[PDB]
$ cat input36.txt   # compact mmCIF, N, CA, C and O atoms
# COMPACT_ATOMS: atom_id res chain seq x y z
N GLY A 365 16.52 139.83 -68.16
CA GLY A 365 15.92 140.62 -69.21
C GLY A 365 16.27 140.21 -70.62
O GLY A 365 15.97 140.95 -71.56
N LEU A 366 16.89 139.04 -70.82
CA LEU A 366 17.58 138.78 -72.07
C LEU A 366 16.63 138.36 -73.18
O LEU A 366 16.68 138.89 -74.29
N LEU A 367 15.75 137.40 -72.92
CA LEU A 367 14.82 136.96 -73.96
C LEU A 367 13.74 138.01 -74.20
O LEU A 367 13.36 138.76 -73.30
N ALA A 368 13.25 138.06 -75.44
CA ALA A 368 12.24 139.06 -75.79
C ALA A 368 10.84 138.62 -75.38
O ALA A 368 10.20 139.27 -74.54
N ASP A 369 10.35 137.53 -75.95
CA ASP A 369 8.98 137.10 -75.70
C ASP A 369 8.87 136.49 -74.31
O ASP A 369 9.59 135.54 -73.98
N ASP A 370 7.96 137.03 -73.49
CA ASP A 370 7.85 136.60 -72.10
C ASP A 370 6.38 136.52 -71.69
O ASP A 370 5.78 137.53 -71.31
N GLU A 371 5.79 135.33 -71.79
CA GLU A 371 4.58 135.04 -71.05
C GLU A 371 4.81 133.94 -70.03
O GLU A 371 4.65 134.18 -68.83
N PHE A 372 5.20 132.74 -70.47
CA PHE A 372 5.88 131.76 -69.63
C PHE A 372 6.41 130.64 -70.51
O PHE A 372 5.66 130.09 -71.32
N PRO A 373 7.68 130.28 -70.39
CA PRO A 373 8.16 129.08 -71.09
C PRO A 373 7.75 127.81 -70.37
O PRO A 373 8.54 127.24 -69.61
N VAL A 374 6.52 127.34 -70.61
CA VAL A 374 5.99 126.22 -69.85
C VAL A 374 6.78 124.95 -70.14
O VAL A 374 6.89 124.06 -69.29
N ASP A 375 7.32 124.84 -71.35
CA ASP A 375 8.09 123.66 -71.73
C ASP A 375 9.56 123.77 -71.36
O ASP A 375 10.17 122.76 -70.99
N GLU A 376 10.15 124.96 -71.44
CA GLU A 376 11.52 125.15 -70.99
C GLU A 376 11.62 125.16 -69.48
O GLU A 376 12.73 125.05 -68.94
N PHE A 377 10.50 125.30 -68.78
CA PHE A 377 10.53 125.38 -67.33
C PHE A 377 10.87 124.05 -66.69
O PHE A 377 11.67 124.00 -65.75
N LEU A 378 10.31 122.95 -67.21
CA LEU A 378 10.31 121.68 -66.49
C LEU A 378 11.68 121.01 -66.52
O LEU A 378 12.35 121.00 -67.55
N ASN A 379 12.09 120.46 -65.38
CA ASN A 379 13.32 119.69 -65.29
C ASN A 379 13.10 118.25 -65.73
O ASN A 379 13.78 117.75 -66.62
N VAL A 380 12.15 117.58 -65.09
CA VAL A 380 11.85 116.18 -65.38
C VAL A 380 10.44 116.12 -65.93
O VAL A 380 9.49 116.58 -65.27
N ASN A 381 10.28 115.55 -67.12
CA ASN A 381 9.02 115.54 -67.85
C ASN A 381 8.71 114.11 -68.29
O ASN A 381 8.97 113.74 -69.43
N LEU A 382 8.11 113.32 -67.40
CA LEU A 382 7.84 111.91 -67.63
C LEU A 382 6.39 111.59 -67.27
O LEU A 382 6.10 110.70 -66.48
N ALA A 383 5.47 112.38 -67.82
CA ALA A 383 4.06 112.23 -67.48
C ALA A 383 3.48 110.96 -68.07
O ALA A 383 3.83 110.54 -69.17
N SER A 384 2.56 110.35 -67.32
CA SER A 384 1.80 109.21 -67.82
C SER A 384 0.98 109.61 -69.03
O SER A 384 0.09 110.47 -68.94
N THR A 385 1.26 108.99 -70.17
CA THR A 385 0.68 109.38 -71.45
C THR A 385 -0.52 108.49 -71.76
O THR A 385 -0.37 107.38 -72.27
N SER A 386 -1.71 108.99 -71.45
CA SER A 386 -2.96 108.28 -71.70
C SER A 386 -4.07 109.33 -71.70
O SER A 386 -3.83 110.52 -71.49
N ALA A 387 -5.29 108.87 -71.96
CA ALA A 387 -6.44 109.77 -71.98
C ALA A 387 -7.26 109.71 -70.70
O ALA A 387 -8.08 110.61 -70.48
N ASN A 388 -7.07 108.68 -69.88
CA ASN A 388 -7.82 108.51 -68.64
C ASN A 388 -6.93 108.62 -67.41
O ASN A 388 -7.32 108.15 -66.34
N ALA A 389 -5.75 109.20 -67.54
CA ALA A 389 -4.83 109.27 -66.42
C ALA A 389 -5.22 110.39 -65.47
O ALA A 389 -5.62 111.48 -65.89
N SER A 390 -5.09 110.12 -64.17
CA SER A 390 -5.45 111.07 -63.13
C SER A 390 -4.19 111.61 -62.47
O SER A 390 -3.22 110.88 -62.28
N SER A 391 -4.21 112.89 -62.09
CA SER A 391 -3.02 113.57 -61.61
C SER A 391 -3.32 114.36 -60.35
O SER A 391 -4.46 114.47 -59.90
N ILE A 392 -2.26 114.91 -59.76
CA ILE A 392 -2.37 115.88 -58.67
C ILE A 392 -1.06 116.63 -58.57
O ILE A 392 0.02 116.05 -58.69
N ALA A 393 -1.15 117.94 -58.34
CA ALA A 393 0.01 118.82 -58.39
C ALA A 393 0.17 119.89 -57.33
O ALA A 393 -0.78 120.62 -57.02
N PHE A 394 1.36 119.98 -56.76
CA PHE A 394 1.68 120.86 -55.65
C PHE A 394 2.68 121.92 -56.10
O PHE A 394 3.47 121.71 -57.02
N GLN A 395 2.66 123.06 -55.41
CA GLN A 395 3.45 124.21 -55.83
C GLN A 395 3.96 124.96 -54.61
O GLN A 395 3.36 124.91 -53.54
N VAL A 396 5.09 125.63 -54.78
CA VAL A 396 5.60 126.60 -53.81
C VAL A 396 6.17 127.77 -54.60
O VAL A 396 7.22 127.64 -55.24
N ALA A 397 5.47 128.90 -54.57
CA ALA A 397 5.86 130.07 -55.35
C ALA A 397 5.98 131.27 -54.44
O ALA A 397 5.00 131.67 -53.81
N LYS A 398 7.18 131.84 -54.36
CA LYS A 398 7.42 133.04 -53.57
C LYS A 398 7.28 134.32 -54.40
O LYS A 398 6.48 135.19 -54.05
N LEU A 399 8.06 134.44 -55.47
CA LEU A 399 8.10 135.59 -56.37
C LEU A 399 8.66 136.83 -55.70
O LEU A 399 8.84 137.86 -56.37
N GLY A 400 8.96 136.78 -54.41
CA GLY A 400 9.66 137.85 -53.74
C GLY A 400 11.15 137.60 -53.78
O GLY A 400 11.92 138.47 -54.20
N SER A 401 11.56 136.41 -53.36
CA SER A 401 12.94 135.97 -53.57
C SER A 401 13.13 135.30 -54.92
O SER A 401 14.27 135.01 -55.30
N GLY A 402 12.05 135.02 -55.64
CA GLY A 402 12.11 134.45 -56.98
C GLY A 402 11.81 132.97 -57.04
O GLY A 402 11.32 132.50 -58.08
N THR A 403 12.07 132.22 -55.97
CA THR A 403 11.99 130.77 -56.01
C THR A 403 10.61 130.29 -56.43
O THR A 403 9.59 130.84 -56.03
N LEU A 404 10.59 129.24 -57.25
CA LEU A 404 9.37 128.55 -57.65
C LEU A 404 9.68 127.07 -57.77
O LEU A 404 10.75 126.70 -58.28
N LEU A 405 8.77 126.22 -57.31
CA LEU A 405 8.95 124.79 -57.52
C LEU A 405 7.60 124.10 -57.68
O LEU A 405 6.68 124.36 -56.91
N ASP A 406 7.52 123.21 -58.67
CA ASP A 406 6.29 122.50 -59.03
C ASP A 406 6.53 121.00 -59.05
O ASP A 406 7.59 120.53 -59.49
N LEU A 407 5.51 120.23 -58.63
CA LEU A 407 5.59 118.77 -58.64
C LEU A 407 4.23 118.16 -58.91
O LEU A 407 3.31 118.36 -58.12
N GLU A 408 4.12 117.37 -59.98
CA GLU A 408 2.87 116.71 -60.35
C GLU A 408 3.07 115.21 -60.50
O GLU A 408 4.05 114.77 -61.10
N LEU A 409 2.12 114.40 -59.97
CA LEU A 409 2.10 112.96 -60.12
C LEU A 409 0.90 112.55 -60.97
O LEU A 409 -0.15 113.20 -60.92
N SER A 410 1.05 111.51 -61.74
CA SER A 410 -0.07 111.01 -62.52
C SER A 410 -0.01 109.50 -62.61
O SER A 410 1.06 108.90 -62.53
N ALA A 411 -1.18 108.89 -62.79
CA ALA A 411 -1.32 107.45 -62.69
C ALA A 411 -2.49 106.97 -63.53
O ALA A 411 -3.36 107.75 -63.93
N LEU A 412 -2.50 105.66 -63.80
CA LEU A 412 -3.63 105.01 -64.46
C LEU A 412 -3.54 103.51 -64.24
O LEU A 412 -2.45 102.96 -64.16
N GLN A 413 -4.69 102.84 -64.11
CA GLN A 413 -4.73 101.38 -63.95
C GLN A 413 -6.07 100.79 -64.42
O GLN A 413 -7.09 101.03 -63.77
N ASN A 414 -6.10 100.02 -65.51
CA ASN A 414 -7.38 99.47 -65.93
C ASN A 414 -7.26 97.98 -66.24
O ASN A 414 -6.18 97.40 -66.20
N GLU A 415 -8.41 97.38 -66.53
CA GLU A 415 -8.60 95.95 -66.48
C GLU A 415 -9.85 95.56 -67.25
O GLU A 415 -10.83 96.30 -67.25
N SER A 416 -9.83 94.40 -67.90
CA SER A 416 -10.93 94.06 -68.79
C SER A 416 -11.08 92.55 -68.94
O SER A 416 -10.10 91.81 -68.80
N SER B 313 -50.39 51.89 -118.14
CA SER B 313 -50.05 51.73 -116.73
C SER B 313 -49.33 52.93 -116.13
O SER B 313 -49.31 53.07 -114.91
N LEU B 314 -48.73 53.79 -116.96
CA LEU B 314 -47.96 54.91 -116.41
C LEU B 314 -48.82 56.12 -116.08
O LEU B 314 -48.79 56.63 -114.96
N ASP B 315 -49.59 56.62 -117.04
CA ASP B 315 -50.25 57.92 -116.85
C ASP B 315 -51.40 57.79 -115.86
O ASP B 315 -52.49 57.31 -116.19
N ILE B 316 -51.16 58.25 -114.63
CA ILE B 316 -52.14 58.25 -113.55
C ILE B 316 -52.05 59.58 -112.81
O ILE B 316 -51.02 60.26 -112.86
N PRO B 317 -53.12 59.97 -112.13
CA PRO B 317 -53.05 61.18 -111.30
C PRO B 317 -52.12 61.00 -110.11
O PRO B 317 -52.04 59.92 -109.52
N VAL B 318 -51.42 62.07 -109.76
CA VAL B 318 -50.44 62.06 -108.69
C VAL B 318 -50.97 62.84 -107.49
O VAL B 318 -52.03 63.46 -107.55
N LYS B 319 -50.22 62.77 -106.40
CA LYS B 319 -50.56 63.42 -105.14
C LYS B 319 -50.02 64.84 -105.09
O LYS B 319 -49.17 65.24 -105.90
N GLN B 320 -50.48 65.61 -104.12
CA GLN B 320 -50.03 66.98 -103.91
C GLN B 320 -49.64 67.17 -102.46
O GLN B 320 -50.25 66.60 -101.56
N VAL B 321 -48.61 67.98 -102.25
CA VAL B 321 -48.02 68.19 -100.93
C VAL B 321 -48.02 69.68 -100.64
O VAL B 321 -47.85 70.51 -101.54
N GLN B 322 -48.18 70.01 -99.36
CA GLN B 322 -48.14 71.37 -98.85
C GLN B 322 -46.98 71.50 -97.88
O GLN B 322 -46.92 70.76 -96.90
N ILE B 323 -46.07 72.44 -98.14
CA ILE B 323 -44.86 72.59 -97.34
C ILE B 323 -44.84 73.97 -96.70
O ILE B 323 -45.14 74.98 -97.35
N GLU B 324 -44.54 74.01 -95.41
CA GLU B 324 -44.51 75.28 -94.69
C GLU B 324 -43.29 75.43 -93.78
O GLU B 324 -43.11 74.67 -92.83
N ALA B 325 -42.47 76.42 -94.09
CA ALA B 325 -41.28 76.73 -93.31
C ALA B 325 -41.58 77.81 -92.29
O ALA B 325 -42.52 78.58 -92.42
N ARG B 326 -40.76 77.86 -91.24
CA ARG B 326 -40.96 78.85 -90.18
C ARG B 326 -39.63 79.28 -89.60
O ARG B 326 -38.91 78.46 -89.05
N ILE B 327 -39.32 80.56 -89.69
CA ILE B 327 -38.06 81.11 -89.22
C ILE B 327 -38.36 82.03 -88.05
O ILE B 327 -39.16 82.96 -88.19
N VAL B 328 -37.74 81.77 -86.90
CA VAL B 328 -38.00 82.52 -85.68
C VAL B 328 -36.69 83.05 -85.13
O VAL B 328 -35.69 82.34 -85.09
N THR B 329 -36.69 84.31 -84.70
CA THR B 329 -35.49 84.85 -84.06
C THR B 329 -35.86 85.73 -82.86
O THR B 329 -36.85 86.46 -82.89
N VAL B 330 -35.03 85.65 -81.82
CA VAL B 330 -35.23 86.37 -80.57
C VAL B 330 -33.92 87.02 -80.14
O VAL B 330 -32.86 86.40 -80.21
N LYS B 331 -34.00 88.27 -79.68
CA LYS B 331 -32.81 89.02 -79.27
C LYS B 331 -33.05 89.71 -77.94
O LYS B 331 -34.16 90.19 -77.70
N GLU B 332 -32.01 89.80 -77.11
CA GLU B 332 -32.04 90.57 -75.88
C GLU B 332 -30.71 91.25 -75.63
O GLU B 332 -29.65 90.74 -75.99
N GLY B 333 -30.77 92.39 -74.94
CA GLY B 333 -29.56 93.14 -74.61
C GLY B 333 -29.64 94.02 -73.38
O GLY B 333 -30.70 94.54 -73.07
N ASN B 334 -28.52 94.18 -72.67
CA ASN B 334 -28.44 95.02 -71.48
C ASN B 334 -27.12 95.78 -71.44
O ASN B 334 -26.08 95.26 -71.85
N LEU B 335 -27.16 96.99 -70.89
CA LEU B 335 -25.96 97.84 -70.82
C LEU B 335 -26.04 98.72 -69.58
O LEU B 335 -27.12 99.18 -69.23
N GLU B 336 -24.88 98.98 -68.94
CA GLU B 336 -24.81 99.86 -67.79
C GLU B 336 -23.44 100.52 -67.65
O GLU B 336 -22.41 99.86 -67.80
N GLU B 337 -23.44 101.81 -67.35
CA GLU B 337 -22.19 102.57 -67.21
C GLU B 337 -22.24 103.61 -66.09
O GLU B 337 -23.23 104.32 -65.93
N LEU B 338 -21.16 103.70 -65.32
CA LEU B 338 -21.02 104.66 -64.22
C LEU B 338 -19.73 105.46 -64.34
O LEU B 338 -18.68 104.90 -64.63
N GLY B 339 -19.79 106.76 -64.09
CA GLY B 339 -18.60 107.58 -64.24
C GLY B 339 -18.59 108.77 -63.30
O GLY B 339 -19.64 109.20 -62.81
N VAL B 340 -17.39 109.30 -63.06
CA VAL B 340 -17.18 110.35 -62.06
C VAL B 340 -16.17 111.38 -62.56
O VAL B 340 -15.16 111.04 -63.18
N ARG B 341 -16.43 112.64 -62.24
CA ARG B 341 -15.58 113.74 -62.70
C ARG B 341 -15.43 114.72 -61.55
O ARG B 341 -16.41 115.36 -61.17
N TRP B 342 -14.24 114.85 -60.97
CA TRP B 342 -14.10 115.82 -59.89
C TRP B 342 -12.77 116.54 -59.93
O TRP B 342 -11.79 116.06 -60.52
N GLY B 343 -12.74 117.70 -59.28
CA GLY B 343 -11.56 118.54 -59.28
C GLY B 343 -11.48 119.42 -58.05
O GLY B 343 -12.49 119.70 -57.40
N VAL B 344 -10.27 119.88 -57.74
CA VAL B 344 -10.02 120.74 -56.60
C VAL B 344 -9.07 121.85 -57.02
O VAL B 344 -8.36 121.75 -58.02
N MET B 345 -9.07 122.94 -56.26
CA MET B 345 -8.21 124.07 -56.57
C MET B 345 -8.06 124.92 -55.32
O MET B 345 -9.05 125.48 -54.85
N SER B 346 -6.85 125.02 -54.78
CA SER B 346 -6.70 125.73 -53.52
C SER B 346 -5.37 126.46 -53.48
O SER B 346 -4.40 126.06 -54.12
N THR B 347 -5.34 127.54 -52.71
CA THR B 347 -4.13 128.33 -52.53
C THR B 347 -4.00 128.70 -51.06
O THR B 347 -4.98 128.70 -50.32
N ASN B 348 -2.78 129.00 -50.64
CA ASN B 348 -2.50 129.25 -49.23
C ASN B 348 -1.62 130.46 -48.99
O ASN B 348 -1.47 130.87 -47.84
N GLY B 349 -1.06 131.06 -50.03
CA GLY B 349 0.01 132.01 -49.86
C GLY B 349 1.33 131.29 -50.06
O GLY B 349 1.80 130.58 -49.17
N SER B 350 1.92 131.45 -51.24
CA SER B 350 3.16 130.77 -51.64
C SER B 350 3.00 129.25 -51.68
O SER B 350 3.98 128.53 -51.87
N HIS B 351 1.78 128.74 -51.52
CA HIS B 351 1.52 127.30 -51.58
C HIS B 351 0.21 127.09 -52.32
O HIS B 351 -0.77 127.79 -52.06
N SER B 352 0.18 126.11 -53.22
CA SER B 352 -1.00 125.85 -54.02
C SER B 352 -1.20 124.36 -54.21
O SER B 352 -0.29 123.56 -53.97
N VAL B 353 -2.41 123.99 -54.62
CA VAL B 353 -2.75 122.61 -54.95
C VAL B 353 -3.76 122.61 -56.08
O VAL B 353 -4.76 123.33 -56.02
N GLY B 354 -3.51 121.79 -57.09
CA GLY B 354 -4.36 121.78 -58.26
C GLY B 354 -4.38 120.40 -58.89
O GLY B 354 -4.12 119.40 -58.23
N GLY B 355 -4.71 120.37 -60.18
CA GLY B 355 -4.84 119.12 -60.91
C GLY B 355 -3.92 119.07 -62.12
O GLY B 355 -4.04 118.19 -62.96
N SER B 356 -2.98 120.01 -62.16
CA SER B 356 -1.99 120.05 -63.23
C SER B 356 -1.01 121.18 -62.95
O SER B 356 -1.15 121.90 -61.96
N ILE B 357 -0.01 121.34 -63.81
CA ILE B 357 0.96 122.42 -63.69
C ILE B 357 0.42 123.71 -64.29
O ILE B 357 0.64 124.79 -63.74
N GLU B 358 -0.31 123.62 -65.39
CA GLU B 358 -0.94 124.80 -65.96
C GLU B 358 -2.02 125.36 -65.04
O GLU B 358 -2.28 126.57 -65.03
N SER B 359 -2.64 124.49 -64.24
CA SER B 359 -3.61 124.96 -63.26
C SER B 359 -2.94 125.83 -62.20
O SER B 359 -3.41 126.93 -61.91
N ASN B 360 -1.83 125.36 -61.63
CA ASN B 360 -1.13 126.14 -60.62
C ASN B 360 -0.53 127.41 -61.21
O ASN B 360 -0.40 128.42 -60.51
N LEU B 361 -0.13 127.37 -62.47
CA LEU B 361 0.40 128.59 -63.08
C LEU B 361 -0.72 129.58 -63.39
O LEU B 361 -0.46 130.78 -63.53
N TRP B 362 -1.95 129.10 -63.52
CA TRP B 362 -3.06 130.03 -63.77
C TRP B 362 -3.52 130.72 -62.50
O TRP B 362 -3.80 131.92 -62.51
N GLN B 363 -3.61 129.99 -61.39
CA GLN B 363 -4.05 130.61 -60.15
C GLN B 363 -2.89 131.39 -59.55
O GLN B 363 -2.51 131.19 -58.39
N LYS B 364 -2.34 132.26 -60.37
CA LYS B 364 -1.25 133.18 -60.06
C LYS B 364 -1.24 134.19 -61.21
O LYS B 364 -2.22 134.33 -61.96
$ encode --input "input36.txt" --output "structure tokens"
Amino acid sequence: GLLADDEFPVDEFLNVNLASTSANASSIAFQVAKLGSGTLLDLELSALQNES
Amino acid sequence: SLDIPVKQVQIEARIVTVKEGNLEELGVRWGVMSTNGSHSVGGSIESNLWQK
């Protein structure tokens, strides 16, 4: 109950934040959310490969 | 001996130009969104946080 503003700290949530930084990168993301025992875990992969 | 009538010449230039061009592009846009009960699959982390 300690912090005042509570919608979701999307940036304070993440442990490892090393996303592929581009405009055409493709991703996919998996989740496990209980909310009864509290546990939540998220995992997203992203990639890109081009040629010219 | 000098002053005599001279000849006349007709000169005609011709400039020709021809251009051609071709272009082709193909693209794809797809997405998925699914939930299972404490399990989800999406295309980002904000996506999984929204379908909750």
$ residues_around --input "input36.txt" --residues "residue 344 in chain B" --least-positions-apart "2" --cutoff "10 Å" --atoms "only C-alpha atoms" --output "PyMOL selection string"
(chain A and resi 392) or (chain B and resi 342+346+353-355)
$ closest_atom_pairs --input "input36.txt" --of "chain A" --to "chain B" --cutoff "5 Å" --atoms "only N, CA, C and O atoms" --output "tab-separated table"
residue	atom	partner	partner_atom	distance
A:391	C	B:355	O	4.7
A:392	CA	B:354	O	4.0
A:393	O	B:354	N	3.0
A:394	CA	B:352	O	3.7
A:395	N	B:352	O	3.3
A:396	CA	B:350	O	3.2
A:397	O	B:350	CA	3.0
A:398	N	B:350	CA	5.0
$ closest_residue --input "input36.txt" --among "A:374, A:399, A:389, A:368" --to "residue 414 in chain A" --atoms "only C-alpha atoms"
A:389
$ closest_residue --input "input36.txt" --among "A:365, A:404, A:409, A:370" --to "residue 390 in chain A" --atoms "only C-alpha atoms"
A:409
$ atom_distance --input "input36.txt" --atom1 "CA of residue 388 in chain A" --atom2 "CA of residue 340 in chain B"
11.6 Å
$ atom_distance --input "input36.txt" --atom1 "CA of residue 341 in chain B" --atom2 "atom C of residue 387 in chain A"
12.2 Å
$ atom_distance --input "input36.txt" --atom1 "atom C of residue 381 in chain A" --atom2 "atom O of residue 407 in chain A"
12.3 Å
$ select_by_dssp --input "input36.txt" --residues "chain A" --states "helix (DSSP H, G or I)" --output "ChimeraX atom specification"
/A:374-377
$ axis_aligned_box --input "input36.txt" --around "range 394-402 of chain A" --padding-each-side "3 Å" --output "lines of an AutoDock Vina configuration file"
center_x = 7.8
center_y = 129.2
center_z = -55.7
size_x = 18.9
size_y = 24.5
size_z = 10.7
$ select_by_dssp --input "input36.txt" --residues "chain B" --states "strand (DSSP E or B)" --output "PyMOL selection string"
chain B and resi 346-347+351-354
